[PDB]
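Asker: Here's a structure for you.
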Amino acid sequence: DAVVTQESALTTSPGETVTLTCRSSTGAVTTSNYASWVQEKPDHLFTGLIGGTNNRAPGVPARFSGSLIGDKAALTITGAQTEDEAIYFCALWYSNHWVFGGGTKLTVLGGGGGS
Amino acid sequence: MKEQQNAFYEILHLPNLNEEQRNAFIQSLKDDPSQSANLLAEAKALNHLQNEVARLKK
Amino acid sequence: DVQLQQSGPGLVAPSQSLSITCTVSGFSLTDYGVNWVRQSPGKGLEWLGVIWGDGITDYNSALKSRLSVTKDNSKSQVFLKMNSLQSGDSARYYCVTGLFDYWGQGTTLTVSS
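Below is the structure:
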């Protein structure tokens, strides 16, 4: 009966660094929760970003990285880009099922460059 | 006893578990042998997920 | 070059059931698993189940008795069947790889009350 919780919203701007977090109601997030991160963009387009805590999916830009920070899983964007404005979901594995967080709406205010 | 023997054998041959995970399942099987079935299922799932991690390392 | 392509009828109204086919290319189903997830219009993401390379299937326990996930290793196809549909099952359904790294394009299902 685990519940996965994420920030409802965060605001950044191009070139800044932002960290999204993923909390487990059962205790600390560990390797065995295989924390995974997916991006939803408009028209219900999903792109996987990080799988198994810290592995970038093929083709995912280097500015996305995953880690455990304290008791939570974390997705860091080092140098945010305007196209990164989107909803980000995390998923945690609990013995025999996946549970998704509620998603974080990331706003990227202003215009920027990027990779 | 024989069921714990079989569970030990299967867990030790799951190829993608790391040794911390193996140790945890072994200890759980020693603590609660009556849970062997569930524990074995849980280990097989972690092995499945470790296999996915190896794919993404690659 | 992983590709997951969804097809099939989706809703079949004569029965009250959903059938979706996910055709995968770029990896072998004998090695790696495929998840199914859905997203309703006003809710979040709900995981439905996964079928692993060896055929072991893990299901969402709230839905398991209405679900059948099967696969054909030679055709590289994974099949979702969901029975006894209700209006609350209206959602977009997706097949996905094992750590949600690659997503199919989705199948829309609307069930009337």
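Top line first, the protein sequences correspond to chains Z, A and L. Residue 1 is where the first sequence starts when you use our numbering, and the numbers rise one by one after that. Residue 1001 is where the second sequence starts when you use our numbering, and the numbers rise one by one after that. Residue 2001 is where the third sequence starts when you use our numbering, and the numbers rise one by one after that. For each residue, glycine too, the CB sits at the ideal point set by N, CA and C.
So which residues of chain L does Z:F89 contact, with C-beta pairs closer than 9 Å?
Answerer: Within 9 Å Cβ-Cβ: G2044, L2045, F2100.
Asker: Is L:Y2059 close to chain A? Criterion is C-beta to C-beta, closer than 9 Å.
Answerer: Closer than 9 Å: no.
Asker: Start and end of the alpha helix (DSSP H) containing A:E1010?
Answerer: Per DSSP, A:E1010 belongs to the alpha helix (DSSP H) from 1002-1013.
Asker: Listing by chain order, which chain Z residues have their CB less than 9 Å from the CB of L:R2066?
Answerer: In chain order: nothing, as chain Z lies at least about 16 Å away.
Asker: Just curious, the beta strand (DSSP E) that L:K2071 is in, first and last residue?
Answerer: Start and end: 2067-2072.
Asker: Closer than 7 Å by C-beta to Z:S24: which residues in its own chain qualify, once you throw out the five before and the five after it? Chain order, please.
Answerer: Hits under 7 Å: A2, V4, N33, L92.
Asker: Got a sec, what are the start and stop residues for the beta strand (DSSP E) A:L1029 sits in?
Answerer: Per DSSP, A:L1029 belongs to no beta strand (DSSP E); it is in the alpha helix (DSSP H), 1019-1031.
Asker: Identify every residue that forms a DSSP beta bridge with L:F2079.
Answerer: L:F2079 pairs with L:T2021, L:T2070.
Asker: Could you please give the first and the last residue of the uninterrupted alpha helix (DSSP H) stretch that includes A:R1055?
Answerer: Note, A:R1055: alpha helix (DSSP H), 1036-1057.
Asker: Do you know how far the Cα of L:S2090 is from the Cα of A:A1043?
Answerer: Cα-Cα distance, rounded: 34 Å.
Asker: Are A:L1049 and L:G2098 closer than 9 Å when you measure CB to CB?
Answerer: Closer than 9 Å, so yes.
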